[PDB]
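For reference, the chains in residue letters:
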Amino acid sequence: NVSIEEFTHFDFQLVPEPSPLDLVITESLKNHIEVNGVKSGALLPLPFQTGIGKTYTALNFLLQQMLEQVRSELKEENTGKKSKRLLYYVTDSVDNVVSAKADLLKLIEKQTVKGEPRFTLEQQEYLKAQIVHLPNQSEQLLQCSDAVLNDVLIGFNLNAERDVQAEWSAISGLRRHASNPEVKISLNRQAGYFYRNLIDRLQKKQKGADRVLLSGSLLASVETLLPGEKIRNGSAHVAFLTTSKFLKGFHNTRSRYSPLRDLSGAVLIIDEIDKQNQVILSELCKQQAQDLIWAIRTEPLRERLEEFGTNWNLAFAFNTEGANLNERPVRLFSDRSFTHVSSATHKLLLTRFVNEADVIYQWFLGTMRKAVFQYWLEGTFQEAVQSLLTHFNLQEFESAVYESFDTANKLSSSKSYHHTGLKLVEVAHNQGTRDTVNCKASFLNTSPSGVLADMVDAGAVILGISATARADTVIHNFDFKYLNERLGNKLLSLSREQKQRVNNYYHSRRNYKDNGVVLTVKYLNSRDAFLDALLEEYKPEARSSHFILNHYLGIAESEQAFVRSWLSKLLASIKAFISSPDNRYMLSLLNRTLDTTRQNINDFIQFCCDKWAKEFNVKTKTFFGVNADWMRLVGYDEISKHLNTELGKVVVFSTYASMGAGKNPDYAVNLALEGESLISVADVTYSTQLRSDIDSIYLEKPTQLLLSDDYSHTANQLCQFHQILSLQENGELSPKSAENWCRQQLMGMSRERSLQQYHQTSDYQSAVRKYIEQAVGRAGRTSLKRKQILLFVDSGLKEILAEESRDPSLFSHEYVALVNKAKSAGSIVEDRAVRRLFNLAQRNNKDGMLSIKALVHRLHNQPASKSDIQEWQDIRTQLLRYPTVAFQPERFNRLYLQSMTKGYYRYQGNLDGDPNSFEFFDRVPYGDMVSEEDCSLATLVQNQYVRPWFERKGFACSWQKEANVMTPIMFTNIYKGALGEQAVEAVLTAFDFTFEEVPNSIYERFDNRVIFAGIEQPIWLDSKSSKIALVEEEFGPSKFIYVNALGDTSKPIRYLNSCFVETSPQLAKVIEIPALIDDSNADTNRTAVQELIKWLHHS
DNA sequence: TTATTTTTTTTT
């Protein structure tokens, strides 16, 4: 055992010479420190290609962070402020976490500086003790030898308990052989459960007063059994754990440490970050559908339950009338803002009932979160969580507080789906009852992009490394338009100079041009004559090719037209490969595994391969169904071994899912079998070993791109609705399309019919190019190239790859070749930012439309809350002060829509009608316009009194000509009325009137209560009879004033009674001033104000 | 119309 004192004379300035991928990370984080500060998080997406140093420059960064903590601890050991920096390396694959851990451990041992070993052996053993790998509970238990668990069981006195020792004996006996797959599955279940129970006992023993003192061999055994113990102990910086294990959290001897709550300071390396969206999404919708009718049978929230039982009559059992709901349940879906659908029915009060119950439940969960914050480090946090729930009415409850910290918002706040989620409710008669029914509510409270932005906001310096980290899709990647809006400049990016420096590095390690490697791309069309000849030679005696496909290959007539197409393209690729003289190793990337389920197709393909092998005088080996089960049961080195030892060619039949990340395809070169066809495309080679990789590929079009979840039926619905709402949020779907897709997904949409609606976006094509960019990127992993690389592409991809228009600076050579070939025979691409502007304008208008309807309704439900009134006033003041803003505001974002013409736009729509039917920018050349000249803001602030008022209050005397303009709803319903109110308040105040806030009892019924000197009889103002009756019911005799901001001053003043009927001034109750300001010359209507003053004198 | 394979972790 060695200590940190070993680094006494170690020189921390002797760093290995950094490759242009290390300098990029160093410079980006050094810049991040200057811009954002030391204590701020970050998110640096790094598009590094696999195979040119992606994992060395990540583990060398981890090692430099490790060595920046030895220095800090040596310097600060006197001070004692030993808050360790938690370094994480997370990736979704267990096989990649272990591989990365072992690669770092080999990097520590083998790294040299200036030809000398970097670390003396004591420092090698010190640094390798800091690294803990955190596998799941089962593999963490089976990692433990008999001695470790014997010592732990004796040390905590758990050896004397017969149940624990019985379970441990059973586990040892099973592990002695562990051969059959079912045996190992049972052993894994057993190990997981026993580790659960053992760690529960350990945690209870440590939590109490009679604790165990851990030191020496017992501590070593606990730290072997519990690696998270070292992290809590302070004996390990670095954790190598998957994404799922990162979100779950790992155990230590006192609690379950969840890394998502102590991110302050964490340096987190997420490898293949874009893939984490699907993973984090799959753990977001793994929750359970928690019933609500049963739930509300279980301090102000107690009175709220009483009031719920008072109004919705909870004392009565809830029974549903009508049809039998169990044949097809009646469902309710709701994004928590502006999009709400349900199974076909005319409003069914169920929607309000279910929404009210879910509001009860969500407010209840928020109440526990606030109670925990009040009560209050994981030990104290979990103690608070356990204690608060421990009382009389919650004894039978679930206690799901932790998932909230692991995982609707008003205007005047940043509205987005990525932190409001979705709510889905399903109603059916309960198990074994017909009078009682259930409301199985399940919901998302964030999206994976919301989780990532929460992690970055919390302090974590996330460093996501993936060749397509910034792919422009939102279903197969994070929403980097939300992350840029939310995070701001904590979403780091590498500059243009750094991109071209990385590009120079990559070209230096892959110098195809100077060496003569030729990437030859061909796009394969389906040919019927080719396949018909091959089939009629496969079974000569059959009377037709369709007969061959129907009888022998087993293809029914319905799928025959599809099988012919994809089979014909694939066989064309194989023929073109085998005829290629010196190419040697092919990979076919289909969408389906050609396993035993497709054995007749395999027989035909192998027949054709043998045909062409004989014809062209080479021997070709085919590897059908190179599966995930195959690559586990039978190593991929069986291909490499064949290529290293036997002459000929190799055809490998894999899929897009099967060849995931970390499944390295290169083989070990033998110059006896390669000939003169291999050349080296690198300037300086880091190894004497010779290896080579794929040199022919077939790329079938990716088909099943809408990701789905097979965990459950209620987990598939949440995934599908998440994808629909993430497409609506990004602007890919209009609110019309998104709501039709949502309400059809409710009623039982197929998959072939959800997929056809995915295909109408441009997100789909970005996902297809993401699939094709990785497929050819995982093939080029070594610097020995053939003098000719064949790429065969499904012709369906030519029209999709031809539209790749991003910057070619980081594209691999193969993908550049694919896209350049696609372009040369393609096409005015329909701009996507333009369509996105239309869709987002419609969505912002719909959001403002429904939120204003709701807010005005709430203000009309007396009494009005202070939150609602303050939101109303915040919105009106924001629109008055900032009618148009330069940048999309973070906090008031859906009062605005981004226009195409700065300062104004055109629309047609019914502000009292359907928010989906709104049309907008030049798509409407003649329509209602939203401009300064329409609110007459120029005529209003030309008044002698109004302009000083608008200047003092800080309002806008004219609209700035900026891109973001108010939505039609905000312009019409709110802004113009705000201008009228401010103008009349300005004009009247200068004539010795005073204005005071309306009482909450009659808010929004009238503009303001106005108090004028000399009159104790109250007055009310309405500026642009039941309200009059109610106001006189509350406050007695009042005279109401109706005035306009501007208009015709020549009109006579109208004296009216309570019924809007003309009457004498002495009998006049409501005075109607046609215009306080002249519509033509902005002269104050002094005549009308004198009349009002005199009429109040004679009141 | 569109046409699939693939994981991970904790519990029950």
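Rules behind the numbers
- Residues numbered from 1 in each chain as written, not as in the entry; some residues may be left out.
- Chains lettered and ligands numbered in written order.
- Heavy atoms only, no water.
- Helix = DSSP H or I, 4+ residues; strand = E, 2+ residues; numbered from the N terminus.
- Buried < 20%, exposed > 50% of the residue type's maximum accessible area, 1.4 Å probe, protein only.
- Areas by Shrake-Rupley, 256 points an atom, 1.4 Å probe, with all protein chains shown as cover.
- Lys, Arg positive; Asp, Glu negative; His and termini not counted.
- Charge placed at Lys NZ, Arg CZ, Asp CG, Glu CD.
- Near = heavy atom within 4 Å.
- Polar contact = N/O pair within 3.5 Å; in protein donor to acceptor, adjacent residues only side chain to side chain.
- Nonpolar A, V, L, I, M, F, W, Y, C, P; charged D, E, K, R; others polar.
- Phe/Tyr/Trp six-rings, centres within 6.5 Å; stacked < 30°, edge-to-face > 60°.
- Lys NZ or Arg CZ within 6 Å of the ring centre and 35° of its normal.
- Disulfide = S-S within 2.5 Å.
- Domains from an automatic or database assignment.
- Pairing = 2+ DSSP bridges.
- Patch = residues over 30% accessible without salt bridge, like charges linked within 9 Å, V, L, I, M, F, W, Y side chains within 5 Å.
- Salt bridge = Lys/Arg side-chain N within 4 Å of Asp/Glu carboxyl O.
- Contact = heavy atoms within 4.5 Å.
- 1 Å grid on protein atoms, 1.4 Å probe; cavity = no way out; pocket = protein on both sides within 12 Å on 5 of 7 lines; lining within 4 Å.
- Points joined across faces, edges and corners; volume = space filled by probe spheres on them.
- Axes fitted to C-alpha atoms, helices over the stretch in contact; angles between N-to-C directions.
- Parallel < 35°, antiparallel > 145°, perpendicular 65-115°, else oblique.
- Left-handed = near helix turned anticlockwise from the far one by under 90°.

Method of structure determination, per the deposited record: cryo-EM was used for this entry, reaching 2.99 Å resolution.

Engineer: Is there a simple way to explain the overall build of chain A in this structure?
Structural biologist: When its secondary structure is counted, chain A shows 41 helices and 36 strands. If one aligns the C-alpha atoms of chain A with their principal axes, the spans along those axes are about 115 × 80 × 70 Å. Across the 1099 residues that make up chain A, the buried fraction comes to 52%. Surface exposure of chain A reaches about 50800 Å², of which carbon and sulfur atoms provide 49%. Computed over 125 positive and 132 negative side-chain charges, the inter-centroid distance for chain A is 2 Å.

Engineer: Mind showing me how you'd approach the protein's contact with DNA strand B here?
Structural biologist: The local shell around DNA strand B holds 37 residues, among which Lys245, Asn627, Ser658, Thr703 and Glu752 are the closest. In the interface set of DNA strand B, defined as its atoms within 4 Å of the protein, sugar plus phosphate atoms amount to 68%. Here a phosphate oxygen of DNA strand B sits 2.4 Å away from a polar atom, N or O, in the side chain of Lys245. For DNA strand B, a phosphate oxygen lies 3.0 Å from a polar atom in the side chain of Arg592. Elements that contribute at least two residues to the surface near DNA strand B include exactly α8 (181–207), α11 (243–248), α25 (628–633) and α30 (752–758). Grouping the amino acids of the surface near DNA strand B by side-chain chemistry returns six nonpolar, 16 polar and 15 charged.

Engineer: Would you mind going over the packing of aromatic side chains with me for this structure?
Structural biologist: Any two aromatic rings considered together are summarised by their centre-to-centre distance and by the angle between their planes. For the structure on display, the rule yields 44 aromatic pairs. Taking 6.0 Å as the distance between ring centres and 45 degrees as the angle between the ring planes, the aromatic pair formed by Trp312 and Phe353 counts as tilted. Judged on exposure class, the residue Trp312 and its partner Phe353 are both buried. Seen from their ring centres, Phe971 and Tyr975 are 6.2 Å apart, and the 20 degrees between their planes marks the pair as stacked. Highlighted residues: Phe971 and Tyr975, both in helix α39 (residues 968–989), separated by four residues, approximately one helical turn. For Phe971, a relative accessible area of 2% translates into the label buried. Here the aromatic cluster, defined as three or more aromatic residues joined through ring pairs, consists of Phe838, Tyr905, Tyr907, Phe918, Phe920 and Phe921. Over the aromatic face of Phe480 sits the side chain of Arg470, whose NZ or CZ is 4.9 Å from the ring centroid. Directly above the aromatic system of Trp566 lies the positively charged group of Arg592, at a separation of 4.6 Å from the ring centroid.

Engineer: Before we go on, may I ask you to explain unusual backbone geometry in this structure?
Structural biologist: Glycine aside, residues mostly have negative phi, and peptide bonds are mostly found in the trans state. Residue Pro863 is bonded to the preceding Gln862 through a cis peptide linkage, with omega at 0 degrees. Position of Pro863 relative to the elements: it lies in the loop between α34 (832–860) and α35 (866–881). Positive phi values are uncommon outside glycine, yet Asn313 reaches one of about 55 degrees. Positive phi is not limited to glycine here, since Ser399 has a value of about 60 degrees. In this structure, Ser399 sits in the loop between α15 (378–389) and α16 (401–406).

Engineer: Help me understand the state of the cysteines in this model?
Structural biologist: Working definition of a disulfide: a covalent bond connecting the sulfur atoms of two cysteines. Enumeration according to the criterion identifies zero disulfides in this entry. Unpaired in terms of disulfides, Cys742 finds its nearest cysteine sulfur in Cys719, a separation of 13 Å. With relative accessibility at 0%, the residue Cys742 sits in the buried group.

Engineer: It is not clear to me how the domain arrangement of chain A should be interpreted in this structure. Could you clarify?
Structural biologist: Where the parts come together, the accessible area they lose is often given as the size of the interface. The domain boundaries assigned to chain A delineate domain 1 (131–235), domain 2 (290–446), domain 3 (516–704 + 770–824), domain 4 (713–753), domain 5 (832–975) and domain 6 (991–1097). On a C-alpha basis, the centroid separation for the pair domain 3 and domain 5 is 56 Å.

Engineer: Looking at this structure, how should I read the sheet that holds strand β15 (residues 461–465)?
Structural biologist: Strand-to-strand pairing in sheets goes through backbone hydrogen bonds, with the strands running parallel or antiparallel. Strand order in the open sheet formed by six strands is β1-β15-β9-β2-β6-β5, and the pairing between neighbours is parallel. Pairing within the sheet leaves two strands with one partner each, and these edge strands are β1 (42–43) and β5 (131–133). Bridge analysis of β1 against β15 gives two bridges, and the strand direction is parallel. The residue bridging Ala42 from the neighbouring strand is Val461, located in β15.

Engineer: Looking at this structure, how should I read a negative patch on the surface?
Structural biologist: Together, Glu5, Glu6, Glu77 and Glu122 line one region of the surface with negative charge. You can see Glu5 is positioned in the segment before α1 (20–36). Assessed through its relative accessible area of 49%, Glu5 is described here as partly exposed.

Engineer: I'm lost on the environment of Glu674 in this one. Help?
Structural biologist: Relative to the helices and strands, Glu674 is located in helix α27 (residues 671–674). Classification of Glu674 as buried rests on a relative accessible area of 6%. The contact partners of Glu674, leaving out residues within four places of it in the chain, are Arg584, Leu643, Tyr667, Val669 and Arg786. There is a polar contact of 2.9 Å between the side chain of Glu674 and the side chain of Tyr667.

Engineer: Please explain the pattern of salt bridges as it appears in this structure.
Structural biologist: One side chain can pair with another of opposite charge once the charged atoms of both are near each other. Scanning the model with the defined rule gives 54 salt bridges in all. With a shortest N-O distance of 3.8 Å, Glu125 and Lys128 are connected by a salt bridge. Within this pair, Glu125 and its partner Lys128 are both found in helix α4 (residues 121–129), separated by three residues, close to a single helical turn. Across the pair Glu485 and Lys481 runs a salt bridge whose closest N-O atoms are separated by 3.1 Å. A relative accessible area of 34% means that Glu485 is categorised as partly exposed. Accessibility expressed as a relative area gives 32% for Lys481, which makes it partly exposed. Residues joined by salt bridges that share partners form a network here, namely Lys415, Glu729, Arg843, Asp847 and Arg894.

Engineer: I would appreciate a short explanation of the environment of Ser282 in the present structure.
Structural biologist: Residue position: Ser282 is located in helix α12 (residues 276–284). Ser282 gets classed as buried once you look at its relative accessible area, which sits at 18%. Here the alpha-carbon distance between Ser282 and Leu263, two residues 19 residues apart in the chain, equals 22 Å.

Engineer: Hey, could you run me through empty space enclosed by the protein in this one?
Structural biologist: Regions of empty space are outlined by a rolling probe, equal in size to a water molecule, passed over the atoms. Of the pockets and cavities examined, the largest cavity occupies roughly 220 Å³. Along its surface, the largest cavity is lined by 18 residues, and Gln49, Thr50, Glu773, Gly777 and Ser812 are the ones closest to its centre. Within the residue set of the lining of the largest cavity, elements represented by two or more residues are α31 (763–775) and α33 (813–824). Looking at the lining of the largest cavity, its residues break down into six nonpolar, seven polar and five charged.

Engineer: What is the right way to read the pairing of strand β19 (residues 649–655) from this model?
Structural biologist: It is a general feature of regular strands that their side chains alternate between the two faces of the sheet. With respect to burial, β19 is a largely interior element, seven of its seven residues being buried. Inspection of the sheet shows strand β17 (residues 585–590) paired to β19 by six bridges, in the parallel sense. Directly across from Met586, in β19, lies its bridge partner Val651. In this sheet, β19 lies alongside strand β18 (residues 620–623) in parallel orientation, the contact comprising four bridges. In the sheet register, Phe623 faces β19, and the bridge partner there is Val652.

Engineer: Looking at this model, I keep getting lost on the pairing of strand β13 (residues 422–429). Mind explaining?
Structural biologist: When you tally the buried positions in β13, you get seven out of eight residues, the bulk of the element. Of the pairings in the sheet, the one linking strand β11 (residues 330–335) to β13 comprises six bridges and is antiparallel in character. Pairing of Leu332 across the sheet is with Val425, part of β13. Two elements, β13 and strand β14 (residues 437–444), share eight bridges in a ladder whose sense is antiparallel. From the neighbouring strand, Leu424 faces β14, where its bridge partner is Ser442.

Engineer: How should I be thinking about the packing of helix α7 (residues 162–175) against α8 in this particular structure?
Structural biologist: Helices that pack against each other are described as a pair by the angle of their axes relative to one another and the distance between those axes. Two numbers describe how α7 lies on α8: the axes approach to 10 Å, and their chain directions differ by 150 degrees. Considered as vectors, α7 and α8 are oriented roughly antiparallel to each other. Viewed along their axes, α7 and α8 form a crossing whose handedness is left-handed. Every residue of α8 that contacts α7 at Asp163, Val164, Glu167, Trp168, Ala170, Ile171, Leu174 and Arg175 is listed here: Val183, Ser186, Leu187, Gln190, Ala191, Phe194, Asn197 and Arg201. Classifying every residue of the contact of α7 with α8 by side-chain character gives nine nonpolar, three polar and four charged.

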